[PDB]
Structure formats: structure tokens, C-alpha cells
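Coordinates from start27.csv are shown below (CSV, N, CA and C atoms and all ligand atoms).
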chain,number,residue,atom,x,y,z
A,1,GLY,N,-13.7,-23.9,-7.2
A,1,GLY,CA,-15.0,-23.4,-6.6
A,1,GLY,C,-15.2,-22.0,-6.9
A,2,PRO,N,-16.4,-21.5,-6.6
A,2,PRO,CA,-16.7,-20.0,-6.8
A,2,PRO,C,-15.8,-19.1,-6.0
A,3,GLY,N,-15.4,-18.0,-6.6
A,3,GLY,CA,-14.7,-17.0,-5.8
A,3,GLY,C,-15.5,-16.5,-4.6
A,4,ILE,N,-14.8,-16.3,-3.5
A,4,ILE,CA,-15.5,-15.7,-2.3
A,4,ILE,C,-16.1,-14.4,-2.6
A,5,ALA,N,-17.2,-14.0,-2.0
A,5,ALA,CA,-17.8,-12.7,-2.2
A,5,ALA,C,-17.0,-11.7,-1.4
A,6,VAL,N,-16.9,-10.5,-1.8
A,6,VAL,CA,-16.2,-9.4,-1.1
A,6,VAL,C,-17.2,-8.3,-0.9
A,7,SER,N,-17.5,-8.0,0.4
A,7,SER,CA,-18.5,-7.0,0.7
A,7,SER,C,-18.1,-5.6,0.1
A,8,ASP,N,-19.1,-4.9,-0.3
A,8,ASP,CA,-18.9,-3.5,-0.8
A,8,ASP,C,-18.2,-2.6,0.3
A,9,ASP,N,-18.4,-3.0,1.6
A,9,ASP,CA,-17.8,-2.2,2.6
A,9,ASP,C,-16.3,-2.2,2.6
A,10,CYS,N,-15.7,-3.3,2.1
A,10,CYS,CA,-14.3,-3.5,2.0
A,10,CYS,C,-13.7,-2.4,1.1
A,11,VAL,N,-14.3,-2.3,-0.1
A,11,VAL,CA,-13.9,-1.3,-1.1
A,11,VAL,C,-14.1,0.1,-0.5
A,12,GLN,N,-15.3,0.3,0.1
A,12,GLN,CA,-15.7,1.6,0.6
A,12,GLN,C,-14.7,2.1,1.7
A,13,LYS,N,-14.3,1.2,2.6
A,13,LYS,CA,-13.4,1.6,3.6
A,13,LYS,C,-12.0,1.7,3.1
A,14,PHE,N,-11.6,0.9,2.2
A,14,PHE,CA,-10.3,1.0,1.6
A,14,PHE,C,-10.1,2.3,0.8
A,15,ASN,N,-11.1,2.8,0.1
A,15,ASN,CA,-11.0,4.0,-0.6
A,15,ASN,C,-11.0,5.2,0.4
A,16,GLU,N,-11.7,5.1,1.5
A,16,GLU,CA,-11.6,6.1,2.5
A,16,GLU,C,-10.1,6.2,3.0
A,17,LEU,N,-9.4,5.1,3.1
A,17,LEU,CA,-8.0,5.1,3.5
A,17,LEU,C,-7.1,5.6,2.3
A,18,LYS,N,-7.3,5.1,1.1
A,18,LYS,CA,-6.5,5.4,0.0
A,18,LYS,C,-6.6,6.9,-0.4
A,19,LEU,N,-7.9,7.3,-0.4
A,19,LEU,CA,-8.2,8.6,-1.0
A,19,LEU,C,-8.3,9.7,0.0
A,20,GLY,N,-9.1,9.5,1.1
A,20,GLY,CA,-9.3,10.5,2.1
A,20,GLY,C,-8.3,10.6,3.3
A,21,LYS,N,-7.4,9.6,3.4
A,21,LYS,CA,-6.5,9.5,4.6
A,21,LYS,C,-7.4,9.6,5.8
A,22,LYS,N,-8.6,8.9,5.8
A,22,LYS,CA,-9.5,9.0,6.9
A,22,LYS,C,-9.3,7.9,7.9
A,23,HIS,N,-8.6,6.8,7.5
A,23,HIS,CA,-8.3,5.7,8.4
A,23,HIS,C,-6.9,5.3,8.2
A,24,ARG,N,-6.2,5.0,9.3
A,24,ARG,CA,-4.8,4.6,9.2
A,24,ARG,C,-4.7,3.1,8.6
A,25,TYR,N,-5.7,2.3,9.0
A,25,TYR,CA,-5.7,0.9,8.6
A,25,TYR,C,-7.1,0.4,8.6
A,26,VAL,N,-7.3,-0.8,7.9
A,26,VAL,CA,-8.5,-1.5,7.9
A,26,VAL,C,-8.1,-3.0,8.0
A,27,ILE,N,-8.9,-3.7,8.9
A,27,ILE,CA,-8.7,-5.1,9.0
A,27,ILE,C,-9.9,-5.8,8.5
A,28,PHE,N,-9.7,-6.8,7.6
A,28,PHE,CA,-10.7,-7.6,7.0
A,28,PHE,C,-10.7,-9.0,7.5
A,29,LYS,N,-11.8,-9.7,7.6
A,29,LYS,CA,-11.9,-11.1,7.9
A,29,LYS,C,-12.8,-11.9,7.1
A,30,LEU,N,-12.7,-13.2,7.0
A,30,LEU,CA,-13.7,-14.1,6.4
A,30,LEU,C,-14.8,-14.2,7.4
A,31,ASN,N,-16.1,-14.1,6.9
A,31,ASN,CA,-17.2,-14.2,7.8
A,31,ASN,C,-17.3,-15.7,8.3
A,32,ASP,N,-18.3,-15.9,9.2
A,32,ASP,CA,-18.4,-17.2,9.9
A,32,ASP,C,-18.5,-18.4,8.9
A,33,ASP,N,-19.3,-18.2,7.8
A,33,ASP,CA,-19.5,-19.2,6.9
A,33,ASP,C,-18.5,-19.3,5.8
A,34,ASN,N,-17.4,-18.4,5.8
A,34,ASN,CA,-16.4,-18.4,4.8
A,34,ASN,C,-17.0,-18.2,3.4
A,35,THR,N,-18.0,-17.4,3.3
A,35,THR,CA,-18.6,-17.1,2.0
A,35,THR,C,-18.4,-15.6,1.6
A,36,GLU,N,-17.9,-14.8,2.5
A,36,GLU,CA,-17.7,-13.4,2.1
A,36,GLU,C,-16.6,-12.8,3.0
A,37,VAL,N,-15.8,-11.8,2.4
A,37,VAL,CA,-14.9,-11.0,3.1
A,37,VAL,C,-15.6,-9.8,3.6
A,38,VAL,N,-15.3,-9.4,4.9
A,38,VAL,CA,-16.0,-8.3,5.5
A,38,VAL,C,-15.0,-7.5,6.3
A,39,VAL,N,-15.4,-6.3,6.6
A,39,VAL,CA,-14.6,-5.4,7.4
A,39,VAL,C,-14.8,-5.8,8.9
A,40,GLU,N,-13.7,-6.0,9.6
A,40,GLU,CA,-13.8,-6.2,11.1
A,40,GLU,C,-13.6,-5.0,11.9
A,41,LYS,N,-12.5,-4.3,11.6
A,41,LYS,CA,-12.0,-3.2,12.4
A,41,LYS,C,-11.4,-2.1,11.5
A,42,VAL,N,-11.6,-0.8,11.9
A,42,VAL,CA,-10.9,0.2,11.2
A,42,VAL,C,-10.2,1.1,12.3
A,43,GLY,N,-9.1,1.7,11.9
A,43,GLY,CA,-8.4,2.6,12.8
A,43,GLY,C,-8.7,4.1,12.4
A,44,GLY,N,-8.5,4.9,13.4
A,44,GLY,CA,-8.6,6.4,13.2
A,44,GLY,C,-7.5,6.9,12.3
A,45,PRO,N,-7.8,8.1,11.8
A,45,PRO,CA,-6.8,8.7,10.8
A,45,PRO,C,-5.4,8.7,11.4
A,46,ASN,N,-5.2,8.8,12.7
A,46,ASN,CA,-3.9,9.0,13.4
A,46,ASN,C,-3.5,7.8,14.2
A,47,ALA,N,-4.2,6.6,14.0
A,47,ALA,CA,-3.7,5.5,14.8
A,47,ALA,C,-2.3,5.1,14.5
A,48,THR,N,-1.6,4.5,15.4
A,48,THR,CA,-0.3,4.1,15.3
A,48,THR,C,-0.1,2.6,14.8
A,49,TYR,N,1.1,2.3,14.4
A,49,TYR,CA,1.3,0.9,14.0
A,49,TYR,C,1.1,-0.1,15.2
A,50,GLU,N,1.5,0.4,16.4
A,50,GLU,CA,1.2,-0.5,17.6
A,50,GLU,C,-0.2,-0.6,17.9
A,51,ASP,N,-1.0,0.4,17.6
A,51,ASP,CA,-2.5,0.3,17.7
A,51,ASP,C,-3.0,-0.8,16.8
A,52,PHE,N,-2.5,-0.8,15.5
A,52,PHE,CA,-2.9,-1.8,14.6
A,52,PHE,C,-2.5,-3.2,15.1
A,53,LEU,N,-1.3,-3.4,15.5
A,53,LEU,CA,-0.8,-4.7,16.0
A,53,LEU,C,-1.7,-5.3,17.1
A,54,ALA,N,-2.2,-4.4,18.0
A,54,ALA,CA,-3.0,-4.8,19.1
A,54,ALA,C,-4.3,-5.4,18.7
A,55,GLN,N,-4.7,-5.1,17.4
A,55,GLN,CA,-6.0,-5.7,16.9
A,55,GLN,C,-5.9,-7.1,16.3
A,56,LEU,N,-4.7,-7.6,16.2
A,56,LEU,CA,-4.5,-8.8,15.4
A,56,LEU,C,-4.7,-10.0,16.4
A,57,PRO,N,-5.5,-11.0,16.0
A,57,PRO,CA,-5.6,-12.2,16.9
A,57,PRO,C,-4.4,-13.1,16.8
A,58,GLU,N,-4.1,-13.7,17.9
A,58,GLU,CA,-2.9,-14.5,18.0
A,58,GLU,C,-3.1,-15.9,17.3
A,59,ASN,N,-4.3,-16.3,17.2
A,59,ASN,CA,-4.6,-17.6,16.7
A,59,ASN,C,-5.6,-17.7,15.5
A,60,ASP,N,-5.8,-16.6,14.8
A,60,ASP,CA,-6.6,-16.6,13.6
A,60,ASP,C,-6.0,-15.7,12.6
A,61,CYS,N,-6.3,-15.9,11.3
A,61,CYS,CA,-5.8,-15.1,10.2
A,61,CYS,C,-6.6,-13.8,10.0
A,62,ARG,N,-5.9,-12.8,9.4
A,62,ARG,CA,-6.7,-11.6,9.0
A,62,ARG,C,-6.0,-11.1,7.7
A,63,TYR,N,-6.8,-10.3,6.9
A,63,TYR,CA,-6.2,-9.4,5.9
A,63,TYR,C,-6.2,-8.0,6.5
A,64,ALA,N,-5.3,-7.1,6.0
A,64,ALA,CA,-5.2,-5.8,6.5
A,64,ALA,C,-4.7,-4.9,5.4
A,65,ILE,N,-5.1,-3.6,5.4
A,65,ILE,CA,-4.4,-2.6,4.7
A,65,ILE,C,-3.9,-1.6,5.7
A,66,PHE,N,-2.6,-1.2,5.6
A,66,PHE,CA,-2.0,-0.2,6.4
A,66,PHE,C,-1.5,0.9,5.5
A,67,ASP,N,-1.8,2.2,5.8
A,67,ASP,CA,-1.3,3.3,5.1
A,67,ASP,C,0.0,3.7,5.8
A,68,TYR,N,1.1,3.1,5.3
A,68,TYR,CA,2.4,3.3,6.0
A,68,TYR,C,3.1,4.5,5.6
A,69,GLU,N,3.4,5.4,6.6
A,69,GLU,CA,4.1,6.7,6.4
A,69,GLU,C,5.5,6.5,6.8
A,70,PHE,N,6.5,6.8,5.9
A,70,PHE,CA,7.9,6.7,6.2
A,70,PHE,C,8.3,8.0,6.9
A,71,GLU,N,9.5,7.9,7.6
A,71,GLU,CA,10.0,9.1,8.3
A,71,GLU,C,10.3,10.2,7.3
A,72,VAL,N,10.0,11.4,7.7
A,72,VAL,CA,10.2,12.6,6.8
A,72,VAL,C,11.7,12.6,6.4
A,73,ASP,N,11.9,12.8,5.1
A,73,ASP,CA,13.2,12.8,4.4
A,73,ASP,C,13.1,13.3,3.0
A,74,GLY,N,13.1,14.7,2.9
A,74,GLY,CA,12.7,15.2,1.6
A,74,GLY,C,11.3,15.0,1.3
A,75,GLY,N,10.4,15.4,2.2
A,75,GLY,CA,9.0,15.1,2.1
A,75,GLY,C,8.7,13.8,2.8
A,76,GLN,N,7.4,13.5,2.9
A,76,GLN,CA,6.9,12.3,3.6
A,76,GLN,C,6.3,11.4,2.5
A,77,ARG,N,6.9,10.3,2.2
A,77,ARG,CA,6.4,9.2,1.3
A,77,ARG,C,5.5,8.3,2.1
A,78,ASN,N,4.6,7.7,1.4
A,78,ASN,CA,3.7,6.7,2.0
A,78,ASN,C,3.6,5.5,1.1
A,79,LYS,N,3.1,4.3,1.6
A,79,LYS,CA,2.9,3.1,0.8
A,79,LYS,C,1.7,2.5,1.3
A,80,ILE,N,0.8,2.1,0.4
A,80,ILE,CA,-0.4,1.3,0.7
A,80,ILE,C,0.0,-0.2,0.8
A,81,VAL,N,0.0,-0.7,2.0
A,81,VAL,CA,0.5,-2.0,2.3
A,81,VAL,C,-0.6,-3.0,2.6
A,82,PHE,N,-0.6,-4.1,1.8
A,82,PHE,CA,-1.6,-5.1,2.0
A,82,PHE,C,-0.9,-6.2,2.8
A,83,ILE,N,-1.5,-6.7,3.9
A,83,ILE,CA,-0.9,-7.7,4.8
A,83,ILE,C,-1.8,-8.9,5.0
A,84,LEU,N,-1.3,-10.1,4.8
A,84,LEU,CA,-1.9,-11.3,5.2
A,84,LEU,C,-1.2,-11.7,6.5
A,85,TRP,N,-2.0,-11.7,7.6
A,85,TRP,CA,-1.6,-12.1,8.9
A,85,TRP,C,-2.0,-13.6,9.0
A,86,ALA,N,-1.0,-14.5,9.1
A,86,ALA,CA,-1.3,-15.9,9.1
A,86,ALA,C,-0.4,-16.5,10.2
A,87,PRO,N,-0.8,-16.3,11.5
A,87,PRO,CA,0.1,-16.9,12.5
A,87,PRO,C,0.1,-18.4,12.5
A,88,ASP,N,1.2,-19.0,12.8
A,88,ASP,CA,1.3,-20.4,12.8
A,88,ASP,C,0.3,-21.1,13.8
A,89,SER,N,-0.1,-20.4,14.8
A,89,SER,CA,-1.0,-21.0,15.8
A,89,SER,C,-2.5,-21.0,15.2
A,90,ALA,N,-2.7,-20.4,14.1
A,90,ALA,CA,-4.1,-20.5,13.5
A,90,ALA,C,-4.4,-21.9,13.1
A,91,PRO,N,-5.6,-22.4,13.1
A,91,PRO,CA,-5.9,-23.7,12.6
A,91,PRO,C,-5.6,-23.8,11.1
A,92,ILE,N,-5.2,-25.0,10.7
A,92,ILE,CA,-4.9,-25.1,9.2
A,92,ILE,C,-6.0,-24.8,8.3
A,93,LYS,N,-7.3,-25.1,8.7
A,93,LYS,CA,-8.4,-24.7,7.9
A,93,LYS,C,-8.5,-23.2,7.7
A,94,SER,N,-8.3,-22.4,8.8
A,94,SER,CA,-8.2,-21.0,8.6
A,94,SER,C,-7.1,-20.5,7.7
A,95,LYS,N,-5.9,-21.1,7.9
A,95,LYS,CA,-4.8,-20.7,7.1
A,95,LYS,C,-5.1,-20.9,5.6
A,96,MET,N,-5.6,-22.1,5.3
A,96,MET,CA,-5.9,-22.4,3.9
A,96,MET,C,-7.1,-21.6,3.4
A,97,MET,N,-8.1,-21.3,4.2
A,97,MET,CA,-9.2,-20.4,3.7
A,97,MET,C,-8.7,-19.0,3.4
A,98,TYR,N,-7.8,-18.4,4.2
A,98,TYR,CA,-7.3,-17.1,3.9
A,98,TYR,C,-6.4,-17.1,2.7
A,99,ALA,N,-5.6,-18.2,2.6
A,99,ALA,CA,-4.7,-18.3,1.4
A,99,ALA,C,-5.6,-18.3,0.1
A,100,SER,N,-6.6,-19.2,0.1
A,100,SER,CA,-7.5,-19.3,-1.0
A,100,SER,C,-8.2,-18.0,-1.5
A,101,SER,N,-8.5,-17.1,-0.5
A,101,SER,CA,-9.3,-16.0,-0.8
A,101,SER,C,-8.5,-14.7,-0.9
A,102,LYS,N,-7.1,-14.8,-0.8
A,102,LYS,CA,-6.3,-13.6,-0.8
A,102,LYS,C,-6.4,-12.8,-2.1
A,103,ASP,N,-6.3,-13.6,-3.2
A,103,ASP,CA,-6.4,-12.9,-4.6
A,103,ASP,C,-7.7,-12.2,-4.7
A,104,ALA,N,-8.9,-12.8,-4.3
A,104,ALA,CA,-10.2,-12.1,-4.5
A,104,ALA,C,-10.2,-10.8,-3.8
A,105,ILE,N,-9.7,-10.7,-2.6
A,105,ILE,CA,-9.7,-9.4,-1.9
A,105,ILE,C,-8.7,-8.4,-2.5
A,106,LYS,N,-7.5,-8.9,-2.8
A,106,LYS,CA,-6.6,-8.0,-3.5
A,106,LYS,C,-7.1,-7.4,-4.8
A,107,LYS,N,-7.8,-8.3,-5.6
A,107,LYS,CA,-8.3,-7.9,-6.9
A,107,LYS,C,-9.3,-6.7,-6.7
A,108,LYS,N,-10.0,-6.7,-5.6
A,108,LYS,CA,-11.0,-5.7,-5.4
A,108,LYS,C,-10.5,-4.4,-4.8
A,109,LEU,N,-9.2,-4.3,-4.5
A,109,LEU,CA,-8.6,-3.1,-3.9
A,109,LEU,C,-7.7,-2.5,-5.0
A,110,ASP,N,-8.0,-1.3,-5.5
A,110,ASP,CA,-7.3,-0.6,-6.5
A,110,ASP,C,-6.3,0.3,-5.8
A,111,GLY,N,-5.0,-0.1,-5.8
A,111,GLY,CA,-4.0,0.8,-5.4
A,111,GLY,C,-3.0,0.2,-4.3
A,112,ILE,N,-3.0,-1.1,-4.2
A,112,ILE,CA,-2.0,-1.8,-3.3
A,112,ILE,C,-0.6,-1.6,-3.9
A,113,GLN,N,0.3,-1.1,-3.1
A,113,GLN,CA,1.6,-0.9,-3.5
A,113,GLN,C,2.7,-1.9,-2.9
A,114,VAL,N,2.3,-2.5,-1.8
A,114,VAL,CA,3.2,-3.4,-1.1
A,114,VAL,C,2.4,-4.6,-0.6
A,115,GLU,N,3.0,-5.8,-0.6
A,115,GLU,CA,2.3,-7.0,0.0
A,115,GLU,C,3.3,-7.6,1.0
A,116,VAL,N,2.7,-7.9,2.2
A,116,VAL,CA,3.4,-8.6,3.2
A,116,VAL,C,2.6,-9.8,3.7
A,117,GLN,N,3.3,-11.0,3.8
A,117,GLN,CA,2.8,-12.1,4.4
A,117,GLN,C,3.6,-12.3,5.7
A,118,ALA,N,2.9,-12.3,6.9
A,118,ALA,CA,3.5,-12.4,8.2
A,118,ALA,C,3.0,-13.5,9.0
A,119,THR,N,3.8,-14.3,9.6
A,119,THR,CA,3.4,-15.5,10.4
A,119,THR,C,3.8,-15.4,11.9
A,120,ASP,N,4.6,-14.4,12.3
A,120,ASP,CA,5.1,-14.3,13.7
A,120,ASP,C,5.3,-12.9,14.0
A,121,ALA,N,5.7,-12.7,15.3
A,121,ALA,CA,5.8,-11.3,15.8
A,121,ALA,C,6.9,-10.5,15.1
A,122,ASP,N,7.9,-11.2,14.5
A,122,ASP,CA,9.0,-10.5,13.8
A,122,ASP,C,8.6,-10.1,12.4
A,123,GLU,N,7.9,-10.9,11.7
A,123,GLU,CA,7.5,-10.6,10.3
A,123,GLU,C,6.4,-9.6,10.2
A,124,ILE,N,5.6,-9.4,11.3
A,124,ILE,CA,4.6,-8.4,11.3
A,124,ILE,C,5.1,-7.1,12.0
A,125,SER,N,6.3,-7.1,12.6
A,125,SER,CA,6.8,-5.9,13.3
A,125,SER,C,7.0,-4.8,12.3
A,126,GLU,N,7.0,-3.5,12.9
A,126,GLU,CA,7.1,-2.4,12.0
A,126,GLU,C,8.4,-2.3,11.3
A,127,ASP,N,9.5,-2.7,11.9
A,127,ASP,CA,10.8,-2.8,11.2
A,127,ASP,C,10.7,-3.6,10.0
A,128,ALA,N,10.2,-4.8,10.1
A,128,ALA,CA,10.1,-5.7,8.9
A,128,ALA,C,9.2,-5.1,7.8
A,129,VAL,N,8.0,-4.6,8.2
A,129,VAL,CA,7.1,-4.0,7.2
A,129,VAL,C,7.8,-2.8,6.6
A,130,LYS,N,8.4,-2.0,7.4
A,130,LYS,CA,9.1,-0.8,6.8
A,130,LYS,C,10.1,-1.1,5.8
A,131,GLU,N,11.0,-2.1,6.0
A,131,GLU,CA,12.0,-2.5,5.1
A,131,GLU,C,11.3,-3.1,3.8
A,132,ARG,N,10.3,-3.9,4.0
A,132,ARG,CA,9.6,-4.4,2.8
A,132,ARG,C,8.9,-3.3,2.0
A,133,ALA,N,8.5,-2.3,2.6
A,133,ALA,CA,7.8,-1.2,2.0
A,133,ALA,C,8.8,-0.1,1.4
A,134,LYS,N,9.8,0.2,2.1
A,134,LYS,CA,10.9,0.9,1.5
A,134,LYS,C,11.4,0.4,0.2
A,135,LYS,N,11.2,-0.9,0.0
A,135,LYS,CA,11.9,-1.7,-1.0
A,135,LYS,C,11.1,-1.7,-2.3
B,201,NI,NI,-12.8,-22.3,-8.2
B,202,NI,NI,-14.8,5.8,7.8
Mind turning the file's structure into C-alpha cells?
Ligand code: NI
Ligand code: NI
Amino acid sequence: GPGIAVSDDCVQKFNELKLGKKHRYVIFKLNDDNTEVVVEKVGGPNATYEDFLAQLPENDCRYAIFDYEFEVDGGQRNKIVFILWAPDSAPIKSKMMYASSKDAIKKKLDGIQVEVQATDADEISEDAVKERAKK
């Protein structure tokens, strides 16, 4: 089938994060008709990882970009982390729709450095993402 559309807002907000460090994170979702990827929520420049986690639905999928900052250790390194949040409680149709569209949204974001697929509270936890991003 045709590739899903990706709103220009997705790229616009991603570049604000990647370039301006204006937003700590961006959460994207498939619109109601599953015809376009759109921005749902953005975090402030200083939002925390726990702030981000509190935005994730327990029973639906999301895409997200998190500008992950590691602990200071000879300077402060960061990693642009792309996350597919696919909780097991999500309906199978949702899980399959977000799987099908993942490439499309990734292809539109210039500068992803790390990719995480998380399905439960442990795989989305900061410790798990940190280790995957350190890596
Ligand atoms: Ni196709
Ligand atoms: Ni903004």
C-alpha cells in the first residue's frame, strides 16, 4: 500500500529538538484515520525522562524522539533516541499499524542515533534506554 503521510510538523518539531535543544522530547501518533503521522505532545527544553514517561498511554502505541543526555563524564554527551512504544495491552490493529509506519517516520527524521522498541515498563525505563544509548 501507499506509504503513510508524515506531517511537516513532525520534521519541524524534530529539528527544534535536534538543532535548537528547544524540546526535550516529541511524541508522535497516527491520526484517527491512520493516514498521517502527527505530533501529539512536546516537552519543554528541561523536561525530565519521568515527565516523558507520564505522557505515554498504557494501551496504545506511540513514536517518540528523546534527546537523551548522559551523566557528565569528561563533558556531556547526548544521543537522539527514537522510540517505538508498543505496549502489549495495545490492540493488535494498533500494534500492526505502528509497525507498518515506523520506517516512514524514521526516514523523515535526519539524525536518529539510537532506536528502542519498548513493550513494558522495564524496556521503556530510563536504565534500559540509557544502556541501549550508551551502546
Ligand atoms: Ni505498500
Ligand atoms: Ni517548539
Tell me which protein, DNA and RNA residues are within 6.5 Å of residue A:61, counting all atoms listed in the file, leaving out same-chain ones fewer than 3 positions away, and put them as a PDB file with N, CA and C atoms, in the coordinates of the input.
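Wrote out00.pdb, looks like this:
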ATOM      1  N   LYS A  29     -11.800  -9.700   7.600  1.00  0.00           N
ATOM      2  CA  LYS A  29     -11.900 -11.100   7.900  1.00  0.00           C
ATOM      3  C   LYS A  29     -12.800 -11.900   7.100  1.00  0.00           C
ATOM      4  N   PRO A  57      -5.500 -11.000  16.000  1.00  0.00           N
ATOM      5  CA  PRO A  57      -5.600 -12.200  16.900  1.00  0.00           C
ATOM      6  C   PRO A  57      -4.400 -13.100  16.800  1.00  0.00           C
ATOM      7  N   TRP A  85      -2.000 -11.700   7.600  1.00  0.00           N
ATOM      8  CA  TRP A  85      -1.600 -12.100   8.900  1.00  0.00           C
ATOM      9  C   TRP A  85      -2.000 -13.600   9.000  1.00  0.00           C
ATOM     10  N   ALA A  86      -1.000 -14.500   9.100  1.00  0.00           N
ATOM     11  CA  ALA A  86      -1.300 -15.900   9.100  1.00  0.00           C
ATOM     12  C   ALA A  86      -0.400 -16.500  10.200  1.00  0.00           C
ATOM     13  N   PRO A  87      -0.800 -16.300  11.500  1.00  0.00           N
ATOM     14  CA  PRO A  87       0.100 -16.900  12.500  1.00  0.00           C
ATOM     15  C   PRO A  87       0.100 -18.400  12.500  1.00  0.00           C
ATOM     16  N   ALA A  90      -2.700 -20.400  14.100  1.00  0.00           N
ATOM     17  CA  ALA A  90      -4.100 -20.500  13.500  1.00  0.00           C
ATOM     18  C   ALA A  90      -4.400 -21.900  13.100  1.00  0.00           C
ATOM     19  N   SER A  94      -8.300 -22.400   8.800  1.00  0.00           N
ATOM     20  CA  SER A  94      -8.200 -21.000   8.600  1.00  0.00           C
ATOM     21  C   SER A  94      -7.100 -20.500   7.700  1.00  0.00           C
ATOM     22  N   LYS A  95      -5.900 -21.100   7.900  1.00  0.00           N
ATOM     23  CA  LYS A  95      -4.800 -20.700   7.100  1.00  0.00           C
ATOM     24  C   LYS A  95      -5.100 -20.900   5.600  1.00  0.00           C
TER      25      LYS A  95
END
Computed interatomic separation between atom CA of residue A:117 and atom N of residue A:75 (Å): 28.6 Å
Selection: 12 Å around residue A:5, only C-alpha atoms, excl. self and same-chain fewer than 6 positions, as JSON, numbers by chain: {"A": [29, 30, 31, 33, 34, 35, 36, 37, 38, 101, 102, 103, 104, 105, 107, 108]}
Taking only N, CA and C atoms and all ligand atoms into account, which residues are within 7 Å of ligand NI 201 (chain B), as a list in words?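 I would give the residues around ligand NI 201 (chain B) as residues 1, 2 and 3 of chain A.
Across the structure, atom CA of residue A:50 and atom CA of residue A:83 are spaced 14.8 Å apart.
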Distance in Å - atom C of residue A:26 versus atom N of residue A:91: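 Atom-to-atom, atom C of residue A:26 and atom N of residue A:91 are spaced 20.2 Å apart.
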From the set A:19, A:42, A:84, A:4, which residue has the shortest atom-to-atom contact distance to ligand NI 202 (chain B), counting all atoms listed in the file? A:42
Ligand NI 202 (chain B): which residues are within 12 Å, counting only C-alpha atoms and all ligand atoms, as a PyMOL selection string? chain A and resi 9-26+39+41-45
Go through A:88, A:51, A:40, A:69 one by one, measure the shortest atom-to-atom distance of each to residue A:121 using only C-alpha atoms, and give the residue with the smallest value.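 Counting only C-alpha atoms, the residue closest to residue A:121 is A:88.
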Could you check the closest approach to residue A:67 for each of A:28, A:98, A:129, A:120 and tell me which residue wins, using only C-alpha atoms? A:129
In file coordinates, which residues lie within 6.5 Å of (-5.8, -5.3, 5.4) using all atoms listed in the file, given as number ranges by chain? A: 26-28, 62-66, 81-83
Extract the full set of strand (DSSP E or B) residues from chain A according to DSSP on the backbone, and format it as a VMD selection string. chain A and resid 5 to 6 25 to 30 36 to 42 62 to 69 78 to 85 114 to 118
Can you tell me which residues surround residue A:132 at a distance of at most 8 Å, considering only N, CA and C atoms, apart from same-chain residues fewer than 6 positions away, and format the answer as a VMD selection string? chain A and resid 114 to 116 126
Among stretch 9-128 of chain A, which residues does DSSP mark as alpha helix (DSSP H) when it is run on the backbone? Keep the chain and numbering as in the structure and answer as a ChimeraX atom specification. /A:9-20,49-53,92-107,126-128
Complete the atoms of stretch 88-100 of chain A to N, CA, C and O atoms and put them out as a tab-separated table (two decimals), in the coordinates of the input.
chain	number	residue	atom	x	y	z
A	88	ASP	N	1.20	-19.00	12.80
A	88	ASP	CA	1.30	-20.40	12.80
A	88	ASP	C	0.30	-21.10	13.80
A	88	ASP	O	-0.10	-22.24	13.50
A	89	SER	N	-0.10	-20.40	14.80
A	89	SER	CA	-1.00	-21.00	15.80
A	89	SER	C	-2.50	-21.00	15.20
A	89	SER	O	-3.31	-21.67	15.87
A	90	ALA	N	-2.70	-20.40	14.10
A	90	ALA	CA	-4.10	-20.50	13.50
A	90	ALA	C	-4.40	-21.90	13.10
A	90	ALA	O	-3.43	-22.68	12.70
A	91	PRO	N	-5.60	-22.40	13.10
A	91	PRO	CA	-5.90	-23.70	12.60
A	91	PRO	C	-5.60	-23.80	11.10
A	91	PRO	O	-5.81	-22.82	10.37
A	92	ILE	N	-5.20	-25.00	10.70
A	92	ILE	CA	-4.90	-25.10	9.20
A	92	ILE	C	-6.00	-24.80	8.30
A	92	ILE	O	-5.83	-24.17	7.27
A	93	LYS	N	-7.30	-25.10	8.70
A	93	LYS	CA	-8.40	-24.70	7.90
A	93	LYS	C	-8.50	-23.20	7.70
A	93	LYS	O	-8.78	-22.72	6.60
A	94	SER	N	-8.30	-22.40	8.80
A	94	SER	CA	-8.20	-21.00	8.60
A	94	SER	C	-7.10	-20.50	7.70
A	94	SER	O	-7.33	-19.74	6.79
A	95	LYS	N	-5.90	-21.10	7.90
A	95	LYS	CA	-4.80	-20.70	7.10
A	95	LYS	C	-5.10	-20.90	5.60
A	95	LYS	O	-4.78	-20.08	4.75
A	96	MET	N	-5.60	-22.10	5.30
A	96	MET	CA	-5.90	-22.40	3.90
A	96	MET	C	-7.10	-21.60	3.40
A	96	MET	O	-7.02	-21.16	2.20
A	97	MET	N	-8.10	-21.30	4.20
A	97	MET	CA	-9.20	-20.40	3.70
A	97	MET	C	-8.70	-19.00	3.40
A	97	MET	O	-9.07	-18.43	2.33
A	98	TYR	N	-7.80	-18.40	4.20
A	98	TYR	CA	-7.30	-17.10	3.90
A	98	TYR	C	-6.40	-17.10	2.70
A	98	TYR	O	-6.30	-16.13	1.98
A	99	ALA	N	-5.60	-18.20	2.60
A	99	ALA	CA	-4.70	-18.30	1.40
A	99	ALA	C	-5.60	-18.30	0.10
A	99	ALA	O	-5.35	-17.59	-0.84
A	100	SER	N	-6.60	-19.20	0.10
A	100	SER	CA	-7.50	-19.30	-1.00
A	100	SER	C	-8.20	-18.00	-1.50
A	100	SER	O	-8.39	-17.77	-2.66
